[PDB]
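Pasting query21.json here (JSON, C-alpha atoms and all ligand atoms):
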[["chain", "number", "residue", "atom", "x", "y", "z"],
["A", 82, "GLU", "CA", 52.28, 34.48, 15.97],
["A", 83, "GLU", "CA", 50.24, 37.57, 15.06],
["A", 84, "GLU", "CA", 47.12, 36.30, 16.84],
["A", 85, "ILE", "CA", 49.18, 35.76, 19.99],
["A", 86, "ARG", "CA", 50.49, 39.32, 19.93],
["A", 87, "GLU", "CA", 47.06, 40.81, 19.24],
["A", 88, "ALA", "CA", 45.53, 38.47, 21.84],
["A", 89, "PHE", "CA", 47.46, 40.28, 24.56],
["A", 90, "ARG", "CA", 45.75, 43.51, 23.48],
["A", 91, "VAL", "CA", 42.35, 41.79, 23.44],
["A", 92, "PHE", "CA", 42.92, 40.30, 26.89],
["A", 93, "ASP", "CA", 44.15, 43.62, 28.29],
["A", 94, "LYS", "CA", 41.06, 45.80, 28.70],
["A", 95, "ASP", "CA", 42.51, 48.29, 31.18],
["A", 96, "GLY", "CA", 45.38, 49.05, 28.81],
["A", 97, "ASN", "CA", 48.44, 48.52, 30.99],
["A", 98, "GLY", "CA", 50.18, 45.88, 28.92],
["A", 99, "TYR", "CA", 49.54, 43.25, 31.56],
["A", 100, "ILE", "CA", 47.08, 40.39, 31.91],
["A", 101, "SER", "CA", 45.66, 40.62, 35.42],
["A", 102, "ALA", "CA", 43.66, 37.84, 37.11],
["A", 103, "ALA", "CA", 40.47, 39.90, 36.84],
["A", 104, "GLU", "CA", 41.21, 40.54, 33.17],
["A", 105, "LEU", "CA", 41.89, 36.88, 32.39],
["A", 106, "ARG", "CA", 38.58, 36.06, 34.05],
["A", 107, "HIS", "CA", 36.54, 37.99, 31.47],
["A", 108, "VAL", "CA", 38.64, 36.45, 28.69],
["A", 109, "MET", "CA", 38.43, 32.80, 29.72],
["A", 110, "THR", "CA", 34.79, 33.11, 30.87],
["A", 111, "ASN", "CA", 33.51, 34.45, 27.54],
["A", 112, "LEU", "CA", 35.45, 31.59, 25.97],
["A", 113, "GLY", "CA", 32.84, 29.20, 27.33],
["A", 114, "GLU", "CA", 34.39, 27.01, 30.00],
["A", 115, "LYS", "CA", 33.98, 29.28, 33.02],
["A", 116, "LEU", "CA", 36.20, 27.88, 35.77],
["A", 117, "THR", "CA", 36.50, 29.04, 39.38],
["A", 118, "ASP", "CA", 38.70, 31.91, 40.57],
["A", 119, "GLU", "CA", 41.16, 29.34, 41.91],
["A", 120, "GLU", "CA", 41.40, 27.63, 38.53],
["A", 121, "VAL", "CA", 41.75, 31.01, 36.81],
["A", 122, "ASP", "CA", 44.53, 31.87, 39.24],
["A", 123, "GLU", "CA", 46.04, 28.42, 38.69],
["A", 124, "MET", "CA", 46.13, 29.27, 35.01],
["A", 125, "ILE", "CA", 48.34, 32.28, 35.56],
["A", 126, "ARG", "CA", 50.26, 30.45, 38.28],
["A", 127, "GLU", "CA", 51.46, 28.01, 35.62],
["A", 128, "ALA", "CA", 51.63, 30.88, 33.14],
["A", 129, "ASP", "CA", 53.98, 32.84, 35.38],
["A", 130, "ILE", "CA", 57.71, 32.16, 35.37],
["A", 131, "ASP", "CA", 59.15, 35.52, 36.42],
["A", 132, "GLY", "CA", 57.34, 35.21, 39.74],
["A", 133, "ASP", "CA", 54.94, 38.13, 39.63],
["A", 134, "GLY", "CA", 51.54, 36.45, 39.47],
["A", 135, "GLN", "CA", 50.69, 37.87, 36.05],
["A", 136, "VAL", "CA", 51.55, 36.97, 32.47],
["A", 137, "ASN", "CA", 53.76, 39.49, 30.69],
["A", 138, "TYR", "CA", 54.73, 39.58, 27.01],
["A", 139, "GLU", "CA", 57.73, 37.25, 27.37],
["A", 140, "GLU", "CA", 55.87, 34.86, 29.69],
["A", 141, "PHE", "CA", 52.89, 34.81, 27.33],
["A", 142, "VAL", "CA", 55.17, 33.96, 24.41],
["A", 143, "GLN", "CA", 57.13, 31.25, 26.23],
["A", 144, "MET", "CA", 54.06, 29.66, 27.81],
["A", 145, "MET", "CA", 52.07, 29.57, 24.57],
["A", 146, "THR", "CA", 55.00, 28.71, 22.32],
["A", 147, "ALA", "CA", 56.78, 26.00, 24.28],
["A", 148, "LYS", "CA", 59.62, 24.22, 22.51],
["B", 287, "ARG", "CA", 45.48, 22.31, 35.12],
["B", 288, "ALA", "CA", 43.75, 24.81, 32.83],
["B", 289, "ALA", "CA", 46.95, 25.77, 30.93],
["B", 290, "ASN", "CA", 45.39, 24.53, 27.66],
["B", 291, "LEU", "CA", 42.54, 26.96, 28.32],
["B", 292, "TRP", "CA", 45.05, 29.80, 27.83],
["B", 293, "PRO", "CA", 45.54, 28.70, 24.16],
["B", 294, "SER", "CA", 41.75, 28.26, 24.13],
["B", 295, "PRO", "CA", 40.88, 32.04, 23.67],
["B", 296, "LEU", "CA", 44.15, 32.20, 21.72],
["B", 297, "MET", "CA", 42.71, 29.65, 19.28],
["B", 298, "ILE", "CA", 39.49, 31.65, 19.40],
["B", 299, "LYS", "CA", 41.51, 34.63, 18.19],
["B", 300, "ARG", "CA", 42.52, 32.64, 15.12],
["B", 301, "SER", "CA", 38.91, 31.48, 14.82],
["B", 302, "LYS", "CA", 37.75, 35.09, 15.10],
["B", 303, "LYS", "CA", 40.11, 35.90, 12.25],
["B", 304, "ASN", "CA", 38.38, 33.26, 10.15],
["B", 305, "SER", "CA", 35.01, 34.53, 11.34],
["A", 401, "CA", "CA", 45.25, 44.83, 31.87],
["A", 402, "CA", "CA", 54.96, 36.91, 35.53]]
Reformat the file's structure so that it appears as structure tokens.
Amino acid sequence: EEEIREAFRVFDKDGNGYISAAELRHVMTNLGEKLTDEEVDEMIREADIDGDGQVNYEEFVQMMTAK
Amino acid sequence: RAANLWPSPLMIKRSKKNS
């Protein structure tokens, strides 16, 4: 789970401890499959459970590590 | 449904570790 924890730091470029839509864009675009803003938003829409629009630590953990 | 794309850079992190 180390890579997941460190990933949050790699995704967060502004250094606020939060993965914003604009931040996720740069992450998922460099990945290769560059989707549209809507799809990027969709990503966090299904990656958001607390109802804030962004993915926090807990949300990131639960979404990635689903039991 | 790009959810799997979230684990995509995540997997890349593990790949970057190998790299
Ligand atoms: Ca950030
Ligand atoms: Ca949230």
Any idea which chain A residues end up within 10 Å of chain B if we count all atoms listed in the file, as number ranges by chain please? A: 82-89, 91-92, 105, 108-114, 116, 120-128, 141, 144-146
Please write the residues from the selection above to a file, keeping C-alpha atoms, as an mmCIF file, in the frame of the given file.
data_model
loop_
_atom_site.group_PDB
_atom_site.id
_atom_site.type_symbol
_atom_site.label_atom_id
_atom_site.label_comp_id
_atom_site.auth_asym_id
_atom_site.auth_seq_id
_atom_site.Cartn_x
_atom_site.Cartn_y
_atom_site.Cartn_z
ATOM 1 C CA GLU A 82 52.280 34.480 15.970
ATOM 2 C CA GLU A 83 50.240 37.570 15.060
ATOM 3 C CA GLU A 84 47.120 36.300 16.840
ATOM 4 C CA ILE A 85 49.180 35.760 19.990
ATOM 5 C CA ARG A 86 50.490 39.320 19.930
ATOM 6 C CA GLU A 87 47.060 40.810 19.240
ATOM 7 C CA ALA A 88 45.530 38.470 21.840
ATOM 8 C CA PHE A 89 47.460 40.280 24.560
ATOM 9 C CA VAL A 91 42.350 41.790 23.440
ATOM 10 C CA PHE A 92 42.920 40.300 26.890
ATOM 11 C CA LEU A 105 41.890 36.880 32.390
ATOM 12 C CA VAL A 108 38.640 36.450 28.690
ATOM 13 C CA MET A 109 38.430 32.800 29.720
ATOM 14 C CA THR A 110 34.790 33.110 30.870
ATOM 15 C CA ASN A 111 33.510 34.450 27.540
ATOM 16 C CA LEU A 112 35.450 31.590 25.970
ATOM 17 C CA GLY A 113 32.840 29.200 27.330
ATOM 18 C CA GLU A 114 34.390 27.010 30.000
ATOM 19 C CA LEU A 116 36.200 27.880 35.770
ATOM 20 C CA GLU A 120 41.400 27.630 38.530
ATOM 21 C CA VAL A 121 41.750 31.010 36.810
ATOM 22 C CA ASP A 122 44.530 31.870 39.240
ATOM 23 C CA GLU A 123 46.040 28.420 38.690
ATOM 24 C CA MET A 124 46.130 29.270 35.010
ATOM 25 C CA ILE A 125 48.340 32.280 35.560
ATOM 26 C CA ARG A 126 50.260 30.450 38.280
ATOM 27 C CA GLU A 127 51.460 28.010 35.620
ATOM 28 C CA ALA A 128 51.630 30.880 33.140
ATOM 29 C CA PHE A 141 52.890 34.810 27.330
ATOM 30 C CA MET A 144 54.060 29.660 27.810
ATOM 31 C CA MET A 145 52.070 29.570 24.570
ATOM 32 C CA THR A 146 55.000 28.710 22.320
#
Could you tell me how far atom CA of residue 95 of chain A sits from atom CA of residue 137 of chain A, in Å to one decimal place?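 Atom-to-atom, atom CA of residue 137 of chain A and atom CA of residue 95 of chain A are spaced 14.3 Å apart.
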Grab me every residue within 7 Å of ligand CA 401 (chain A), counting all atoms listed in the file, and send it over as a list in words.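 Counting all atoms listed in the file, the residues within 7 Å of ligand CA 401 (chain A) come out as residues 93, 94, 95, 96, 97, 98, 99, 100, 101 and 104 of chain A.
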For atom CA of residue 132 of chain A and atom CA of residue 148 of chain A, quote the distance in Å rounded to one decimal.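 Calculated distance between atom CA of residue 132 of chain A and atom CA of residue 148 of chain A is 20.6 Å.
Contacts with ligand CA 402 (chain A) are defined as any residue atom within 8 Å of a ligand atom, using only C-alpha atoms and all ligand atoms; the residues meeting this criterion are residues 128, 129, 130, 131, 132, 133, 134, 135, 136, 137 and 140 of chain A.
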